[PDB]
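Below is one structure, written out as structure tokens, with a few remarks after it.
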Amino acid sequence: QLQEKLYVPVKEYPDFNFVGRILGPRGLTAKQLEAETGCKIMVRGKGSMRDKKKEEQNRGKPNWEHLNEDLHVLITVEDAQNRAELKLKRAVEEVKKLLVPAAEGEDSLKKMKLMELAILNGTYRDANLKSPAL
């Protein structure tokens, strides 16, 4: 299969729960992505299926298997279709706006369309040496 793992260093963000951010209230979207894109985007690292019931009975399984990795979001698409990966990558890219340690899941949506759309450009030039969204 094909997997693309978008790492978020949970060691870097102890105060930002990417799990509570990504699959917490929006776990539905992870399900929608696998259902629609054909890619089962699994959050790997510590906290994927961190359910107490799971560590009891579902223990030893993929959830804990990748629990020993660092928290990252992985679009796992089982197929060779490039059209497949294109579909999950766009969806997961919206997650890329989500796995940001931002306090909220907005503002950036508007700011990135406006300014972050073209950060370094003729108007700035030197901003190329230091852009916020590197």
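Ordering of the structure tokens sets the chain letters (A, B, ...), residue numbers begin anew at 1 in every chain, and ligands are numbered from 1 in the order given.
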
What are the DSSP strand (DSSP E or B) residues of stretch 22-53 of chain A, as a list in words?
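Going through stretch 22-53 of chain A, the strand (DSSP E or B) residues come out as residues 39, 40, 41, 42, 43 and 44 of chain A.
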
Report as a VMD selection string: the residues of stretch 1-132 of chain A with a DSSP assignment of helix (DSSP H, G or I), based on the backbone of this structure.
chain A and resid 18 to 22 27 to 37 52 to 56 62 to 65 82 to 98 108 to 114 116 to 118 126 to 129

For each of A:123, A:76, A:131, A:82, take the minimum atom-to-atom distance to residue A:3, counting only C-alpha atoms, then give the residue where this is smallest.
A:76

Between atom CA of residue A:126 and atom CA of residue A:109, distance in Å (one decimal):
24.0 Å

Atom CA of residue A:74 to atom CA of residue A:43: how many Å, to one decimal?
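These atoms are spaced 5.8 Å apart.
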
Close residues, residue A:4 itself excluded, 12 Å, only C-alpha atoms, min 6 positions apart in chain, as a ChimeraX atom specification
/A:39-44,72-78,85-86,88-89,92-93

Output C-alpha atoms for every residue in that selection, as a compact mmCIF listing (two decimals), in the first residue's frame.
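And here's selection_35.txt as it stands now:
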# COMPACT_ATOMS: atom_id res chain seq x y z
CA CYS A 39 -7.49 6.27 1.96
CA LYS A 40 -7.69 5.41 5.59
CA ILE A 41 -5.93 8.28 7.17
CA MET A 42 -4.75 6.97 10.49
CA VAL A 43 -3.23 9.13 13.11
CA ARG A 44 -0.08 7.36 14.12
CA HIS A 72 1.73 12.01 12.99
CA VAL A 73 -1.13 11.97 10.51
CA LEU A 74 -0.83 9.35 7.85
CA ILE A 75 -2.97 8.94 4.80
CA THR A 76 -2.88 5.23 4.14
CA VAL A 77 -4.21 4.42 0.71
CA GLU A 78 -4.24 0.82 -0.34
CA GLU A 85 -3.58 9.62 -3.59
CA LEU A 86 -4.56 12.95 -5.15
CA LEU A 88 -6.61 11.88 -0.01
CA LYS A 89 -3.80 14.43 -0.28
CA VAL A 92 -5.31 15.52 4.30
CA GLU A 93 -4.02 18.93 3.27

As an exercise, work out the distance from atom CA of residue A:51 to atom CA of residue A:28 in Å and give it to one decimal place.
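Distance between the two atoms: 16.5 Å.
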
Residue contacts of stretch 10-20 of chain A (12 Å, only C-alpha atoms) excluding same-chain residues fewer than 3 positions away, as a ChimeraX atom specification
/A:6-7,23-27,30,42-50,67,69-73,95-105

Please dump the current selection as a compact mmCIF listing (two decimals), in the first residue's frame; keep N, CA, C and O atoms.
# COMPACT_ATOMS: atom_id res chain seq x y z
N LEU A 6 2.40 12.58 7.61
CA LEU A 6 2.61 13.98 7.88
C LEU A 6 2.87 14.17 9.37
O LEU A 6 1.95 14.19 10.18
N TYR A 7 4.15 14.23 9.71
CA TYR A 7 4.58 14.26 11.11
C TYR A 7 4.27 15.58 11.80
O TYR A 7 4.51 16.66 11.26
N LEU A 23 -8.62 14.26 15.36
CA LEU A 23 -9.69 13.28 15.41
C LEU A 23 -10.60 13.49 16.61
O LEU A 23 -11.61 12.79 16.75
N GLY A 24 -10.25 14.45 17.46
CA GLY A 24 -11.03 14.72 18.67
C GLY A 24 -12.50 14.93 18.38
O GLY A 24 -13.30 14.00 18.48
N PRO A 25 -12.91 16.15 18.02
CA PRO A 25 -14.28 16.43 17.62
C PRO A 25 -14.50 16.17 16.14
O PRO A 25 -15.63 15.98 15.68
N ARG A 26 -13.41 16.13 15.39
CA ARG A 26 -13.48 16.02 13.94
C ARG A 26 -13.05 14.64 13.45
O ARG A 26 -12.75 14.47 12.27
N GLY A 27 -13.05 13.65 14.35
CA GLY A 27 -12.74 12.28 13.95
C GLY A 27 -13.60 11.81 12.79
O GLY A 27 -13.17 10.97 11.99
N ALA A 30 -11.88 11.97 9.46
CA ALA A 30 -10.92 10.90 9.18
C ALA A 30 -11.66 9.70 8.59
O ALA A 30 -11.17 9.04 7.68
N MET A 42 -4.86 7.38 9.11
CA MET A 42 -4.75 6.97 10.49
C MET A 42 -3.77 7.86 11.18
O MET A 42 -2.69 8.17 10.65
N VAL A 43 -4.12 8.32 12.35
CA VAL A 43 -3.23 9.13 13.11
C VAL A 43 -2.30 8.21 13.87
O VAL A 43 -2.72 7.47 14.75
N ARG A 44 -1.04 8.24 13.51
CA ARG A 44 -0.08 7.36 14.12
C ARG A 44 0.65 8.10 15.22
O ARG A 44 0.50 9.30 15.36
N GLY A 45 1.44 7.38 15.99
CA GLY A 45 2.02 7.96 17.16
C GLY A 45 1.18 7.67 18.38
O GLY A 45 0.26 6.85 18.33
N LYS A 46 1.48 8.34 19.47
CA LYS A 46 0.79 8.09 20.72
C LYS A 46 -0.56 8.81 20.77
O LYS A 46 -0.61 10.04 20.75
N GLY A 47 -1.64 8.03 20.81
CA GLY A 47 -2.95 8.63 21.01
C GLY A 47 -3.92 8.37 19.88
O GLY A 47 -4.95 9.04 19.77
N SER A 48 -3.62 7.39 19.05
CA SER A 48 -4.48 7.04 17.93
C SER A 48 -5.82 6.47 18.41
O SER A 48 -6.89 7.01 18.13
N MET A 49 -5.74 5.37 19.14
CA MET A 49 -6.91 4.68 19.66
C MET A 49 -6.76 4.55 21.16
O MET A 49 -7.10 3.52 21.74
N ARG A 50 -6.17 5.59 21.75
CA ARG A 50 -5.77 5.66 23.17
C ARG A 50 -6.94 5.45 24.16
O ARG A 50 -6.88 5.89 25.31
N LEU A 67 1.62 3.41 18.37
CA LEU A 67 1.60 4.24 19.58
C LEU A 67 3.01 4.59 20.01
O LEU A 67 3.26 5.61 20.67
N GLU A 69 5.37 5.22 17.96
CA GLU A 69 5.88 6.24 17.05
C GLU A 69 5.55 7.62 17.63
O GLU A 69 4.84 7.72 18.64
N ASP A 70 6.05 8.67 17.01
CA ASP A 70 5.65 10.01 17.40
C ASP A 70 4.41 10.41 16.61
O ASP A 70 4.28 10.04 15.44
N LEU A 71 3.51 11.13 17.26
CA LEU A 71 2.20 11.46 16.70
C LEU A 71 2.32 12.11 15.32
O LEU A 71 2.93 13.16 15.16
N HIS A 72 1.76 11.46 14.33
CA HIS A 72 1.73 12.01 12.99
C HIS A 72 0.48 11.57 12.26
O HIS A 72 -0.10 10.54 12.59
N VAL A 73 0.09 12.30 11.24
CA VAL A 73 -1.13 11.97 10.51
C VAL A 73 -0.76 11.32 9.20
O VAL A 73 -0.02 11.89 8.39
N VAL A 95 -6.41 18.78 6.63
CA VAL A 95 -5.89 18.37 7.93
C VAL A 95 -4.58 19.09 8.20
O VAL A 95 -4.30 19.44 9.33
N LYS A 96 -3.77 19.29 7.17
CA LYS A 96 -2.53 20.07 7.30
C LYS A 96 -2.81 21.48 7.84
O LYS A 96 -1.95 22.08 8.48
N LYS A 97 -3.98 22.02 7.55
CA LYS A 97 -4.39 23.29 8.16
C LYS A 97 -4.83 23.05 9.60
O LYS A 97 -4.80 23.95 10.43
N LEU A 98 -5.25 21.82 9.87
CA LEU A 98 -5.69 21.44 11.21
C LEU A 98 -4.54 21.02 12.13
O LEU A 98 -4.55 21.38 13.30
N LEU A 99 -3.53 20.29 11.62
CA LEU A 99 -2.45 19.84 12.51
C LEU A 99 -1.51 21.00 12.87
O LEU A 99 -0.41 20.78 13.39
N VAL A 100 -1.93 22.21 12.56
CA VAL A 100 -1.22 23.41 12.98
C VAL A 100 -1.55 23.71 14.45
O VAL A 100 -2.71 23.65 14.84
N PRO A 101 -0.53 24.04 15.26
CA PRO A 101 -0.69 24.31 16.71
C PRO A 101 -1.48 25.59 17.01
O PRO A 101 -1.46 26.09 18.14
N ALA A 102 -2.16 26.11 16.00
CA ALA A 102 -2.97 27.30 16.15
C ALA A 102 -4.06 27.10 17.20
O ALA A 102 -4.55 25.98 17.40
N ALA A 103 -4.44 28.18 17.87
CA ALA A 103 -5.42 28.12 18.95
C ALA A 103 -6.80 27.76 18.43
O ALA A 103 -7.63 27.20 19.15
N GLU A 104 -7.04 28.08 17.18
CA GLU A 104 -8.33 27.84 16.55
C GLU A 104 -8.13 27.25 15.16
O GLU A 104 -7.01 27.24 14.64
N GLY A 105 -9.20 26.77 14.56
CA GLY A 105 -9.12 26.21 13.22
C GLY A 105 -9.65 27.16 12.18
O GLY A 105 -10.36 26.76 11.26

A:130, A:5, A:87, A:111 ranked by distance to residue A:34, top pick (using only C-alpha atoms):
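When distances to residue A:34 are compared using only C-alpha atoms, the smallest one comes from A:87.
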